[PDB]
Amino acid sequence: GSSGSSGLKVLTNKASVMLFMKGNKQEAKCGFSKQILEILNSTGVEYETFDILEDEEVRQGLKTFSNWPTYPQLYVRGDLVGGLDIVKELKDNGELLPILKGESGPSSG
């Protein structure tokens, strides 16, 4: 545990849909990094990005927490969802929108 800066869960629980990557929405190569994004966006839901470089501690602090240094990483509800390969998977399948949104409580009754 890298003593210093204790607030990961919060980060992953900052925005409905969290997306950690190098460059953040700000910068994006084009694929892989931007991919997930485009998808996280294509969904139409709400999400955000974060810096994993600027905050090295977080970098490993996350991978060490999620146990998936194979960024990017998507966090939903509370448990780690997965990486692009994963995210895309859901989306592709067509079961991400309902995963991102966050179903809860009755609708009609």
# chains A, B, ... in the order shown; residues from 1 in each chain; ligands from 1
$ select_by_dssp --residues "chain A" --states "strand (DSSP E or B)" --output "count of residues only"
16
$ closest_atom_pairs --of "region 21-58 of chain A" --to "region 4-17 of chain A" --cutoff "8 Å" --atoms "only C-alpha atoms" --output "CSV"
residue,atom,partner,partner_atom,distance
A:40,CA,A:17,CA,7.7
A:45,CA,A:17,CA,7.8
A:46,CA,A:17,CA,6.0
A:47,CA,A:17,CA,4.0
A:48,CA,A:15,CA,6.0
A:57,CA,A:5,CA,7.6
A:58,CA,A:8,CA,7.0
$ closest_residue --among "A:67, A:104, A:60, A:93" --to "residue 79 (chain A)" --atoms "only C-alpha atoms"
A:67
$ atom_distance --atom1 "CA of residue 91 (chain A)" --atom2 "CA of residue 28 (chain A)"
20.2 Å
$ closest_residue --among "A:100, A:62, A:53, A:36" --to "residue 86 (chain A)" --atoms "only C-alpha atoms"
A:36
$ closest_residue --among "A:43, A:108, A:33, A:49" --to "residue 71 (chain A)" --atoms "only C-alpha atoms"
A:33
$ closest_residue --among "A:78, A:31, A:44, A:109" --to "residue 96 (chain A)" --atoms "only C-alpha atoms"
A:44
$ closest_residue --among "A:52, A:25, A:92, A:81" --to "residue 66 (chain A)" --atoms "only C-alpha atoms"
A:81
$ residues_around --residues "residue 51 (chain A)" --least-positions-apart "4" --cutoff "10 Å" --atoms "only C-alpha atoms" --output "list in words"
residues 19, 20, 21, 22, 23, 24, 25, 26, 55, 56, 58 and 59 of chain A
$ select_by_dssp --residues "chain A" --states "alpha helix (DSSP H)" --output "PyMOL selection string"
chain A and resi 8-12+33-42+56-66+84-93+97-101
$ closest_residue --among "A:27, A:42, A:34, A:2" --to "residue 72 (chain A)" --atoms "only C-alpha atoms"
A:34
$ decode --residues "chain A" --atoms "C-alpha atoms" --output "JSON list (two decimals), in the first residue's frame"
[["chain", "number", "residue", "atom", "x", "y", "z"],
["A", 1, "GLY", "CA", 0.00, 0.00, 0.00],
["A", 2, "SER", "CA", 1.63, 3.17, -1.28],
["A", 3, "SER", "CA", 1.35, 5.36, 1.80],
["A", 4, "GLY", "CA", -0.10, 8.61, 0.52],
["A", 5, "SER", "CA", -3.17, 9.67, -1.42],
["A", 6, "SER", "CA", -5.92, 7.38, -0.20],
["A", 7, "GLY", "CA", -8.94, 7.72, -2.46],
["A", 8, "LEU", "CA", -9.21, 5.12, -5.20],
["A", 9, "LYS", "CA", -12.67, 3.68, -4.67],
["A", 10, "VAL", "CA", -13.96, 7.24, -4.67],
["A", 11, "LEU", "CA", -12.23, 7.82, -7.99],
["A", 12, "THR", "CA", -13.78, 4.70, -9.48],
["A", 13, "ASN", "CA", -16.97, 5.88, -7.82],
["A", 14, "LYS", "CA", -16.56, 9.48, -8.93],
["A", 15, "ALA", "CA", -18.71, 9.37, -12.04],
["A", 16, "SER", "CA", -21.42, 6.91, -13.01],
["A", 17, "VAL", "CA", -19.08, 5.52, -15.64],
["A", 18, "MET", "CA", -15.37, 5.76, -14.93],
["A", 19, "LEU", "CA", -12.71, 5.28, -17.58],
["A", 20, "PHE", "CA", -9.06, 5.31, -16.59],
["A", 21, "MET", "CA", -6.49, 5.66, -19.35],
["A", 22, "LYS", "CA", -3.36, 7.47, -20.46],
["A", 23, "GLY", "CA", -4.32, 10.81, -21.97],
["A", 24, "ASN", "CA", -7.89, 10.83, -20.74],
["A", 25, "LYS", "CA", -10.70, 12.27, -22.83],
["A", 26, "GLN", "CA", -8.17, 15.05, -23.28],
["A", 27, "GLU", "CA", -5.72, 12.99, -25.30],
["A", 28, "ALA", "CA", -6.38, 9.78, -27.19],
["A", 29, "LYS", "CA", -4.18, 7.95, -29.67],
["A", 30, "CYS", "CA", -7.11, 6.80, -31.77],
["A", 31, "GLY", "CA", -7.68, 3.18, -30.85],
["A", 32, "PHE", "CA", -7.69, 1.08, -27.70],
["A", 33, "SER", "CA", -7.71, 4.19, -25.54],
["A", 34, "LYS", "CA", -10.15, 6.22, -27.61],
["A", 35, "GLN", "CA", -11.96, 3.02, -28.49],
["A", 36, "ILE", "CA", -13.35, 2.26, -25.05],
["A", 37, "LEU", "CA", -14.19, 5.94, -24.82],
["A", 38, "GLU", "CA", -16.05, 6.11, -28.11],
["A", 39, "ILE", "CA", -17.93, 3.11, -26.77],
["A", 40, "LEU", "CA", -18.39, 4.52, -23.29],
["A", 41, "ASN", "CA", -19.82, 7.50, -25.14],
["A", 42, "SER", "CA", -21.57, 5.73, -27.99],
["A", 43, "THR", "CA", -23.66, 4.24, -25.21],
["A", 44, "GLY", "CA", -25.16, 7.64, -24.46],
["A", 45, "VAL", "CA", -24.76, 7.26, -20.72],
["A", 46, "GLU", "CA", -22.65, 9.47, -18.48],
["A", 47, "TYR", "CA", -18.97, 8.82, -17.86],
["A", 48, "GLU", "CA", -15.67, 10.49, -17.08],
["A", 49, "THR", "CA", -11.93, 10.05, -17.46],
["A", 50, "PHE", "CA", -8.90, 10.24, -15.19],
["A", 51, "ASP", "CA", -5.13, 10.49, -15.34],
["A", 52, "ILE", "CA", -3.15, 7.39, -14.45],
["A", 53, "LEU", "CA", 0.20, 8.87, -15.37],
["A", 54, "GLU", "CA", 0.12, 12.18, -13.54],
["A", 55, "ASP", "CA", -0.89, 10.19, -10.48],
["A", 56, "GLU", "CA", 1.51, 7.26, -10.57],
["A", 57, "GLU", "CA", 0.47, 6.16, -7.10],
["A", 58, "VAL", "CA", -3.02, 5.71, -8.49],
["A", 59, "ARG", "CA", -1.66, 3.93, -11.53],
["A", 60, "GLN", "CA", -0.35, 1.01, -9.50],
["A", 61, "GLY", "CA", -2.78, 1.82, -6.71],
["A", 62, "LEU", "CA", -5.56, 0.90, -9.11],
["A", 63, "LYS", "CA", -4.01, -2.02, -10.94],
["A", 64, "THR", "CA", -3.06, -3.31, -7.51],
["A", 65, "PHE", "CA", -6.65, -2.81, -6.44],
["A", 66, "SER", "CA", -8.47, -4.02, -9.54],
["A", 67, "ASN", "CA", -5.71, -6.51, -10.27],
["A", 68, "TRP", "CA", -5.86, -5.63, -13.95],
["A", 69, "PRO", "CA", -2.93, -3.46, -15.06],
["A", 70, "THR", "CA", -4.08, -4.17, -18.60],
["A", 71, "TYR", "CA", -5.76, -0.80, -18.98],
["A", 72, "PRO", "CA", -7.96, 0.70, -19.71],
["A", 73, "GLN", "CA", -10.37, -0.28, -16.96],
["A", 74, "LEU", "CA", -14.09, 0.27, -16.52],
["A", 75, "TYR", "CA", -15.77, 0.42, -13.13],
["A", 76, "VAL", "CA", -19.49, -0.03, -12.62],
["A", 77, "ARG", "CA", -21.56, -0.39, -9.47],
["A", 78, "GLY", "CA", -18.49, -1.15, -7.39],
["A", 79, "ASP", "CA", -16.86, -4.30, -8.72],
["A", 80, "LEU", "CA", -14.36, -4.07, -11.56],
["A", 81, "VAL", "CA", -16.09, -4.60, -14.88],
["A", 82, "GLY", "CA", -13.09, -5.28, -17.09],
["A", 83, "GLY", "CA", -10.99, -3.85, -19.90],
["A", 84, "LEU", "CA", -11.78, -2.76, -23.44],
["A", 85, "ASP", "CA", -11.83, -6.37, -24.57],
["A", 86, "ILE", "CA", -14.37, -6.88, -21.81],
["A", 87, "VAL", "CA", -16.27, -3.62, -22.12],
["A", 88, "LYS", "CA", -16.50, -4.01, -25.88],
["A", 89, "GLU", "CA", -17.65, -7.55, -25.23],
["A", 90, "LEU", "CA", -20.71, -6.41, -23.31],
["A", 91, "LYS", "CA", -21.44, -3.57, -25.69],
["A", 92, "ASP", "CA", -21.03, -5.90, -28.64],
["A", 93, "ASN", "CA", -23.32, -8.43, -27.00],
["A", 94, "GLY", "CA", -25.67, -5.56, -26.22],
["A", 95, "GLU", "CA", -25.71, -5.67, -22.44],
["A", 96, "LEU", "CA", -23.69, -2.65, -21.38],
["A", 97, "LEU", "CA", -26.20, 0.17, -21.59],
["A", 98, "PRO", "CA", -28.23, -1.58, -18.89],
["A", 99, "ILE", "CA", -25.00, -2.27, -17.05],
["A", 100, "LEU", "CA", -23.83, 1.32, -17.19],
["A", 101, "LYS", "CA", -27.17, 2.94, -16.47],
["A", 102, "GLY", "CA", -27.66, 0.98, -13.27],
["A", 103, "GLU", "CA", -31.05, -0.66, -12.88],
["A", 104, "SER", "CA", -32.64, -0.30, -9.47],
["A", 105, "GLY", "CA", -36.06, -0.18, -7.86],
["A", 106, "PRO", "CA", -39.34, -1.08, -9.58],
["A", 107, "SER", "CA", -40.64, 0.72, -12.65],
["A", 108, "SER", "CA", -44.35, 0.01, -12.79],
["A", 109, "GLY", "CA", -45.00, -2.08, -9.71]]
